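**Q** Below: one structure in C-alpha cells.
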Amino acid sequence: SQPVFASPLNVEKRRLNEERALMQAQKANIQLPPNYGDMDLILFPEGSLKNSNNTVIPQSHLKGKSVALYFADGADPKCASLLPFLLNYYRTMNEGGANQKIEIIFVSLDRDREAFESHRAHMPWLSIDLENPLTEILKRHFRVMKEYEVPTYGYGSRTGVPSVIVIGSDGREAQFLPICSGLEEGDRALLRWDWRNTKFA
Amino acid sequence: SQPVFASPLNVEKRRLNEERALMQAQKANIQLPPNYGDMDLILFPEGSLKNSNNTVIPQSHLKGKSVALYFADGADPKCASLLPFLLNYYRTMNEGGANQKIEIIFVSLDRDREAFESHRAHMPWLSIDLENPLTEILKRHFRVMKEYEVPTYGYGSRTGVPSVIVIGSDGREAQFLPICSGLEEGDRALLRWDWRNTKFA
Amino acid sequence: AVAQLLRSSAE
Amino acid sequence: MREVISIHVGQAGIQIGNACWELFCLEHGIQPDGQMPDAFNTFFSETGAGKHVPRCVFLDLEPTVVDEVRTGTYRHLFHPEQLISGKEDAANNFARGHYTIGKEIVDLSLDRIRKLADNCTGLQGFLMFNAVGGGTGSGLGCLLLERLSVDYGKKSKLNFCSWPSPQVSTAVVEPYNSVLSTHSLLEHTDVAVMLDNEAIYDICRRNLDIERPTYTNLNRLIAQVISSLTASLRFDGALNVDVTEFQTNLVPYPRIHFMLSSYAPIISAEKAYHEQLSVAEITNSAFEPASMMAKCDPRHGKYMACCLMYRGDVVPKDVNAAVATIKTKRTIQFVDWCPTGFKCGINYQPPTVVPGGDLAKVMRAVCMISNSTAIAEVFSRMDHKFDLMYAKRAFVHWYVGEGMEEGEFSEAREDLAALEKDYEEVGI
Amino acid sequence: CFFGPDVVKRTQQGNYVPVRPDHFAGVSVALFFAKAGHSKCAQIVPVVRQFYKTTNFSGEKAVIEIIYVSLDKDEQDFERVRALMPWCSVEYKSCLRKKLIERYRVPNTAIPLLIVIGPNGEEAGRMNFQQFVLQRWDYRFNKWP
Amino acid sequence: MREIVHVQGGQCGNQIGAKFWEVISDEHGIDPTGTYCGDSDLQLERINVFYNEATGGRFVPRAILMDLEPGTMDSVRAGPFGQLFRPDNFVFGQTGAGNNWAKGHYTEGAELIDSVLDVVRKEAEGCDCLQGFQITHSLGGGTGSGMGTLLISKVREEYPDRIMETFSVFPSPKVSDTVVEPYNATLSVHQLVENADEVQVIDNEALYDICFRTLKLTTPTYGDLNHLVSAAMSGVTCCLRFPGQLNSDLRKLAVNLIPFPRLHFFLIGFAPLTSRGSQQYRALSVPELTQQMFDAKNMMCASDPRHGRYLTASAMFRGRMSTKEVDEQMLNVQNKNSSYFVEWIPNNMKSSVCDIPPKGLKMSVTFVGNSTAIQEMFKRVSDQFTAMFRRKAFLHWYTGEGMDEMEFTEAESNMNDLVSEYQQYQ
Ligand SMILES: Nc1nc2c(ncn2[C@@H]2O[C@H](COP(=O)(O)OP(=O)(O)OP(=O)(O)O)[C@@H](O)[C@H]2O)c(=O)[nH]1
Ligand SMILES: Nc1nc2c(ncn2[C@@H]2O[C@H](COP(=O)(O)OP(=O)(O)O)[C@@H](O)[C@H]2O)c(=O)[nH]1
Ligand SMILES: [Mg+2]
C-alpha cells in the first residue's frame, strides 16, 4: 500500500500476494488479506533494465547499492539543466570509492524514439525502455507527470520533471530529493541524497 | 430471503439450492425446501469482477475485507459531490493500517459504454461492467433505481442513486450508510462504516 | 478571454 | 502509571502537535490505524484489542486546521471528540478569544479533559502548545489555564509558547496579544518555555543548510525537543528526571519561570558523514549562543539553572567530564547564589528520525532547557512595541468594543514592567 | 572480472586469440588511445612501438604492456591498424572499449593519449602528446601483484 | 461554516460579479449547469461558503442580483454561467435610476428595497451563522451608489456585528463619462464611511493602466477588466475555501488593517501579472511577487502609493511556497522603503499563506494596503464636487424628488473630516 494505493504496482502486487496466500490457504488459520510486511513483489523483471549498450542487466545486480529513478524528459530545459549536475555527481561518487555504490535508472518522459535515443546518448547509467508498460506503470506509481491528463485518485502530482527519487525494494520512497517540491531546492538537492540508510535489499 | 424475497438473485439462489437438495435427497432424513440458514450463493462469477488494471479479480480474494457496492451514475450531481469524499475515505482507510480493510465494487446507472468508461476511469476500486446482467440483478436485489422502469414487486424504494451497500457473503444487506435516505446525512455517512464487524466471509 | 488566458495561464 | 496530557490550542499548536504526534507514533511503533503489529503509557491509552488513542485535545476556533486532521491520514488515530473545533476564529484578538466566543467551547474542553484525566491516578502534568501572537492561542489558552488552576490546583503545567520574533511578525496586532498573554500566564503556569520562529529559522539555515523551509520543517524540531523532554517518562535511563522535577531544580522563585531551549546535534545526513558526534561536541553546541531556540543572546544574560537531557548511547562518566568543561569556560556566566546549577538526565533510547525528513540518524542528542536573565530583552522589545502602539490608541477599538474594559492594557503593561524589575534584581 | 570475456585480443597470425585473464601479473599496463588517419597518431605509434620493443625485450621478464583502444570509424581500418600495432588490443564490436573511453574522458585533439593504470583499474598516470616525453613513465611503477 | 452572501448592485457590479462567479466556479470545478467536475476533495470541503445544495445536487450561488433596469440582468442570464444563478435571486427593476442618487436611494429604490431584504434575510437565516456580506457596486451611477448603499444601511441595523466588505469602483481621475460623478460619489461616501467595515477601492483608469504596460493588451474589454477585479476579489477570501499554513478570514483582515474605525479604505493589487511575451521569461517565486505588489504600476486604484504612507498592509499568498523567504521579505521591503511606512506602528504588515493557488498558476498573492495616499483620490472628488455645487448646478435633479439642501453640506463635511483624519497621520 506504499506509497499510494491507487497504483498498478500496488494492484498487481495485491492480486499476486492474495493469490499465493490463497494457494497456501487451500494447501493447509492463516491471516488474510496479507500484511504489507509479508507482502512481496519483484519490482524489475528480467528484461527491463538496459545499459547504454543495450545489454540486459539483471534485477539481482542491484544488490548492495542505492538505486534512484530519474524521471526525466529530453525536451524540458530544466531537465537539460539538471542532467549535467546529476552526471557529475554520479561520476564522482562512483569514482571516489573502490566499489560503485549509487545507481541511476532513467525513466523517460519523451514522445518518440529519436528524442529518446538522443537523450540516451549522453547518459552512462541505466534506463528503462519507452514502450515497456513499466514506465507508465511506475509513472502512476510515483505520481510524476508533465501536466494533469490521467486521473490520479485524490492525490495530485507529487512532482514535475525533472525528479530523482531513491527507491526501496518495495517501491517506497526511501527519500524524495527536493528538485520541485515544497522545498524548491532545485539543481543542488543531490547533496541531500543519503546512501548509508538507503539500501536495495 | 433477506433482504427481500422477490428479488432475482434470491429466487435464483433458492432454485439452485432446491436443485442440489432434491438431487442429494434422491441420491440418498432431509428437510425440503432447504432452509435460509443452509442456502448457499456465489455472488460474482469468474469473469465478473474487474480491477483498475483491467485484470479479472476473483470473489474469494475479497473475504476478510469489508466490501461494499457503490451504485452510482456519472451525470448525477449527488455522485459528483460524493465521489471525492468516497475516494478520500477509501484512501485514508487503506493507507492508515497494516492490511487492506475496505473494498468497493462499482455498479453503474450510466447511459452507455463511453459514459461507463469515463466514470470508471475516475474510481480505482473494483467494478462490474454494464452489459453484464450482474449490474441489473444487483439493482433489483438491492432496490436501487433512478426512476421507475422496472416493476418493484409491491415494494417502495430503499434508496436512489448514489448508494453504498455494505455486503456480506450471501448477499446480505449488512448496513446502509445513510447518504440519501431517511437520515439524509450526505457524505458524513461514510464515517459510520463498521468495518470491524461487517466482514466478507 | 485574454484575461482568462493571462491570469490562469500555465503554458 | 505516569501519564501526560497534551493540550494544543491555536493553529500554531495544532500543526506543532501534528509533528509532535507523528514522532510519538514512530517511536512507539504505532501505525496511523492505532495498533502495533507498557513503557508507552504516558502518551497513549489502551483501547480494547491493541488500539491506542493519544492523550491530547485539539482546540481551535477556526474549523479548517482541525477539519484537515479529521480528513487527513491520521483521521482514525485521534478519538473523534478530542478534536474540538469552533465555527468562527478569534481573528488575532485577545479580547474575542477571551470573552464572547471562547466560552461556548471551553465548557466542552473541560468536559473532555475531565473525561480522560480521571481514568488513572498518577497524572504527571499538562503540556500546552499555544501561540501568544494569535487570538485563539492566547485567548482560549488563558481561559483554559485559569480553569485548569481552579480544578486541578497542584498539577504541574508546562508551556511552549511561540513568542513573536524581534524582526519578523506575520501580524501587526500581536504586540497587544503578547502583553495580555504574558500577564495572565505568569500566574497560571509553572514552567514556561520560549520558542521563537526566527530562532528555529536560523537553526535550519546554518546547521541543515535548508535555505527555504516551511512551518512543517520547524515543527519537527520542536517535536524532537518535546520527545527528548518526556523521554524519561517513556524509556529506561541511567539516571532520569521526571517532568515534575523541572519545577524543583530549574525555578528558584515562582515568578521566574520563562526559560530557553536548545538542541544539539541538529545535522543533515551528509553532515554526519564527516563528523563524530562526541558528547563534548554536542553539549558545546547546545551551549553555543546561536543555537538557541528563542533568539536572544545569553552572552549578556546571566544563567541560573540549566538542565541537560542527554538521550542515547551516553555513558555517565563523560557526562561529568563534559559538564566540567563548560564550568571553566569563562564566556558562560553563572549567578552567584547558585554554585551548582545542573541536573542532568541520561536515557538509553536513541532519537527516532522521521522517514523522508531532514534530520540525520544520530546516536546521541542533547535537549537543553536553561533559565537565564536574557528573558529581560525578550520582554524589553514588547516594552517598546506596546508603548509605541498604545501611545495614541492603536487598534484599541476592536478590543474595547468586543466587551473588555479600558484598563486591562495598563495593568498588563504594569505587570510586565514589574516582571522586568523582578529579573534585574535577581541578576545583581 | 573487469574486462571479462575474449575482448582483450592478443595478436596472432593465422588465427585470432584472446590473451589470458591473469597475464597482467608483474607487468605495468598503459592504455593507448589512438585513431587511424590522424596525423599525430602516425608518429606517436612508431615511437611508442620502438619504446615497447626496447623496454620490454631487454629484461627477461616482460615489464610493460600496452592495450590499444581506438576511435576508428571503420572495422576494416581498425583491423589494418591492429595488424600494424604489435601490442594487445581490444575488439571493435566489444562495448568494453566504449566503457573505457567514456570512463577515461577521451574526446571524439587530445587524441592520441596514454593512461597508465593500476591493478584495480583506475588512473595512475596521464600522458598526452600535444606539441623525448615518452621516457617519463617507468615500467617499475605499476608492479602488479 | 462561514458563509459570504454576495450582493450585485448596479450594472457595473452585475458584470463584475458575473465574471467573479465564473472564476469561483472555475477553481471549484463547477459546471455552468451546476454539476461538479474535478474529482478532488480540496475543491469541495469548503463549498458551502459560496454555494448551496439544492436537492438536485447542484450548487446555487448565495448571490443576489439587484438592478433597477432589466437590460443588464438579462445579459447575465443569457451569458455563460448565468444559468447558475437562482431565478428568484434576480430582483427586477422597471423604471431605473438615471445615474441619479436621489432616485436610487429615496424615491424609486424604496419600493424595491423591501423586495430584496426578503431574499437577503432568506439566504442569511438559512445557515446557522455566516461571516459577512460582500457588496459589489458602482459609485458613478444611481442604481449602484444610491440603491446599493441603502441596502448597506438596512443589513447593518439588522445584522450589526457581521463583516461588511465592499468592492466598490470610484470615479476615474483623468477623463470620465456620467457627468454627475462627484454628486453620486460624495453622497455615497458619507453614508458608507460609517456603515462599511472594509472598503476596497477600484478605479477604471487604474484597471486600464494595468492592461497597457504590464499586460500589453492593445484591446482590453470589460470582460478583461472584470477578471482583473475578480482575481483579487477571490484573492481576499482564499483561506475560507482552502486550507493553508497561515489562515486568515475577512475579519482577520478587518481587525489587523484598521487601527481606527472611521478609516477603512484599502488599495488593492494583484500579482503575478505577466504578458504573453514575458510569461516564460520570468521566474515565479516569492522575491519578485513582493516587489510587484509594492509598485505604483500594479495597483488597481489610481492613487500613487509613494505620495502617501502605508499605515497598515496585508498580503494573502496562495500556492506552494516556503514560509521563510516570505517571512523576512515582508521585512525586507519594510526596511529598504522605510520612509514609505509609518513609524509609530511597528511591523506594519501581515502575511497569510494559503496552500491552494489559482489554476494554471503555482503561486500568487493579493495585496490589501491601508495607505494614506488615498487622500489624493478623496481630495480630487472634493474639488470637483465643490466646483459644481457652488453654482447650484444639476441640483434640481436631486432636491426635487424627496431630499433637501443641508445633507449636501453634511456630505462634504463628513468627506472633509474623512480627509482631515488622514494627513494627521501623514
Ligand atoms: N512554529 C510555528 N509557528 C506558527 C505556526 N503557525 C503559526 N505560527 C505562529 O503563530 C503566529 C500567529 O498565530 P496563529 O497560529 O497564526 O493564530 P492563532 O494563534 O491560532 O490565533 P488566531 O489567529 O485567532 O487563530 C504567527 O506569528 C506564527 O509565527 C507553525 O506551524 N509553527
Ligand atoms: N470595471 C468595469 N466598469 C464598468 C463596467 N460596466 C460599467 N462600468 C463603469 O460604470 C460607470 C457607469 O456607471 P453605471 O454602472 O452605468 O451606473 P449604474 O447603471 O447606476 O449602475 C462607467 O464609468 C463605466 O466605466 C464593467 O463591466 N467593468
Ligand atoms: Mg488570531
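**Q** Of the conditions (1) within 14 Å of another protein chain (Cβ to nearest Cβ); (2) buried (at least 20 other Cβ atoms within 10 Å of the Cβ); (3) small (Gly, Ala, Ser); (4) not in a helix (DSSP H, G or I), residue B:68 fails just one. Which one is it?
**A** Among (1) within 14 Å of another protein chain (Cβ to nearest Cβ); (2) buried (at least 20 other Cβ atoms within 10 Å of the Cβ); (3) small (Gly, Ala, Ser); (4) not in a helix (DSSP H, G or I), the lone unmet condition for residue B:68 is (1).
**Q** Restricting attention to the range D:187-211, which residues are assigned to a loop (DSSP other than H, G, I, E, B) and over 15 Å from residue D:359 (Cα atoms)?
**A** D:187, D:188, D:189, D:190
**Q** Please specify each residue of the range F:32-50 satisfying the condition of being in contact with a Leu (Cβ under 9 Å, 6 or more places away or on another chain) and within 14 Å of chain B (Cβ to nearest Cβ).
**A** F:32, F:33, F:34, F:36, F:38, F:39, F:40, F:41, F:46
**Q** Further, regarding this structure: I'm trying to understand the selection: among the residues of the range D:278-325, which are touching a helix residue (DSSP H, G or I) at 6+ places or on another chain (Cβ under 7 Å) and assigned to a loop (DSSP other than H, G, I, E, B)?
**A** The answer is D:285, D:287, D:293, D:294, D:295, D:296, D:297, D:314.
**Q** Can you pull out every residue in the range B:120-145 that is in contact with a strand residue (DSSP E or B) (Cβ under 7 Å, 6 or more places away or on another chain) and within 14 Å of chain A (Cβ to nearest Cβ)?
**A** Matches in the range B:120-145: B:120, B:123, B:125, B:126, B:127.
**Q** Quickly run through the range D:199-215 and pick out the residues that are within 13 Å of ligand 1 (Cβ to nearest atom) and more than 8 Å from every other protein chain (Cβ to nearest Cβ).
**A** If the condition is that a residue be within 13 Å of ligand 1 (Cβ to nearest atom) and more than 8 Å from every other protein chain (Cβ to nearest Cβ), then D:199, D:200, D:203, D:204 are the ones that fit.
**Q** Among the residues of the range D:149-198, what is the count of those that are within 14 Å of chain F (Cβ to nearest Cβ) and not aromatic (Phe, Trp, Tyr)?
**A** 19
**Q** Another one. Quick one: is residue D:240 touching a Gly at 6+ places or on another chain (Cβ under 6 Å) and away from every other protein chain (no Cβ under 14 Å)?
**A** So residue D:240 passes the test.
**Q** Out of the range D:1-32, which residues are away from ligand 1 (no atom under 15 Å from the Cβ) and under 13 Å from the mean Cα position of the chain (by Cα)?
**A** D:6, the sole residue that qualifies.
**Q** Tally time: how many residues in the range B:81-119 are away from chain D (no Cβ under 14 Å) and either hydrophobic (A, V, I, L, M, F, W, C) or in contact with a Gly (Cβ under 7 Å, 6 or more places away or on another chain) (or both)?
**A** Final tally of qualifying residues: 13.
**Q** Please pick out the residue among F:249, F:295, F:327 that is among the acidic types (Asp, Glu) and more than 30 Å from residue D:68 (Cα to Cα).
**A** From the options F:249, F:295, F:327, the qualifying one is F:295.
**Q** Away from ligand 2 (no atom under 16 Å from the Cβ), among the charged types (D, E, K, R) and within 30 Å of residue F:238 (Cβ to Cβ), is that true of residue D:70?
**A** For residue D:70, the condition - away from ligand 2 (no atom under 16 Å from the Cβ), among the charged types (D, E, K, R) and within 30 Å of residue F:238 (Cβ to Cβ) - is met.
**Q** Next question, about the same structure. Could you please find all residues in the range A:8-31 being more than 9 Å from every other protein chain (Cβ to nearest Cβ), over 19 Å from the mean Cα position of the chain (by Cα) and polar (S, T, N, Q)?
**A** A:17, A:24, A:26, A:29
**Q** While we're here: Which one of these is closer than 24 Å to residue F:377 by Cβ and either surrounded by fewer than 20 Cβ atoms within 10 Å (Cβ to Cβ) or within 16 Å of ligand 1 (Cβ to nearest atom) (or both): F:261, F:305?
**A** Selected residue: F:261, the only one of F:261, F:305 that is closer than 24 Å to residue F:377 by Cβ and either surrounded by fewer than 20 Cβ atoms within 10 Å (Cβ to Cβ) or within 16 Å of ligand 1 (Cβ to nearest atom) (or both).
**Q** Please give the number of the condition residue D:199 fails out of (1) surrounded by 23 or more Cβ atoms within 10 Å (Cβ to Cβ); (2) under 14 Å from the mean Cα position of the chain (by Cα); (3) farther than 15 Å from residue D:260 by Cα.
**A** Every listed condition holds for residue D:199 apart from (3).
**Q** Also, I was wondering about something else. Residues that are buried (at least 24 other Cβ atoms within 10 Å of the Cβ), in contact with an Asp or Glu (Cβ under 6 Å, 6 or more places away or on another chain) and part of a loop (DSSP other than H, G, I, E, B): does the range D:129-149 have at least one?
**A** Yes, the range D:129-149 contains at least one residue that is buried (at least 24 other Cβ atoms within 10 Å of the Cβ), in contact with an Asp or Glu (Cβ under 6 Å, 6 or more places away or on another chain) and part of a loop (DSSP other than H, G, I, E, B).
**Q** Moving on to the next point. From the list F:161, F:177, which one is within 8 Å of ligand 2 (Cβ to nearest atom), among the charged types (D, E, K, R) and not in a helix (DSSP H, G or I)?
**A** F:177
**Q** I'm trying to understand the selection: among the residues of the range F:128-148, which are over 14 Å from the mean Cα position of the chain (by Cα) and more than 14 Å from chain D (Cβ to nearest Cβ)?
**A** Residues satisfying the conditions are F:140, F:141, F:142, F:143, F:146, F:147.
**Q** If you don't mind, another one. If residue F:313 satisfies every condition in (1) within 13 Å of residue F:371 (Cβ to Cβ); (2) away from chain D (no Cβ under 14 Å); (3) under 19 Å from the mean Cα position of the chain (by Cα); (4) not acidic (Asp, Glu) but one, which is the exception?
**A** Answer for residue F:313: the failing condition is (2).
**Q** Considering only the range D:378-397, how many residues are closer than 17 Å to residue D:181 by Cα and in a helix (DSSP H, G or I)?
**A** Number satisfying all stated conditions: 13.
**Q** Just to be sure I understand the filter: pairs with C-beta atoms under 9 Å, separated by 6 or more residues or on different chains, first member in the range F:378-404 and within 16 Å of residue F:146 (Cβ to Cβ), second member β-branched (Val, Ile, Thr) and part of a loop (DSSP other than H, G, I, E, B). Which pairs pass?
**A** From residues that are within 16 Å of residue F:146 (Cβ to Cβ), the pairs are F:394/F:179; F:394/F:180; F:397/F:180; F:398/F:180.
**Q** Can you tell me which residue among F:57, F:17, F:82, F:34 is crowded, with 22+ Cβ neighbours inside 10 Å and not in a strand (DSSP E or B)?
**A** The match here is F:17.
**Q** Still on this structure, I have one more. Give F:343, F:328 a once-over and let me know the one that is of a type in the set (D, E, K, R) and not in a helix (DSSP H, G or I).
**A** Only one candidate qualifies: F:343.
**Q** Taking the range D:11-53 on its own, how many of its residues are in a loop (DSSP other than H, G, I, E, B), away from chain B (no Cβ under 14 Å) and out of contact with any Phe, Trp or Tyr (no Cβ under 8 Å at 6 or more places or on another chain)?
**A** 6
**Q** Now for a different question. Please determine, by comparing only the residues of the range F:209-221 that are in a helix (DSSP H, G or I) and in contact with a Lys or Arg (Cβ under 9 Å, 6 or more places away or on another chain), which one is nearest to ligand 3 (Cβ to nearest atom).
**A** Within the range F:209-221, the match that is nearest to ligand 3 (Cβ to nearest atom) is F:210.
**Q** When you scan the range F:222-309 for helices (runs of 4 or more DSSP H) that lie fully inside it, which ones turn up with 3 or more residues that are within 16 Å of ligand 2 (Cβ to nearest atom) and within 14 Å of chain C (Cβ to nearest Cβ)?
**A** Counting at least 3 such residues, we get F:222-233.
**Q** For residue F:415, all conditions in the list (1) assigned to a helix (DSSP H, G or I); (2) closer than 28 Å to residue F:273 by Cα; (3) within 22 Å of the chain's Cα centre (by Cα) hold save one; what is the number of the exception?
**A** (2)
**Q** Kindly indicate whether residue E:109 is of a type in the set (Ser, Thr, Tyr) and either within 14 Å of chain A (Cβ to nearest Cβ) or part of a loop (DSSP other than H, G, I, E, B) (or both).
**A** Answer is yes for this residue.
Throughout, read-outs are computed from the coordinates displayed, never taken from laboratory work. Note that we place each Cβ from the backbone using ideal geometry, even for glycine, and neighbour counts take in every protein chain shown.
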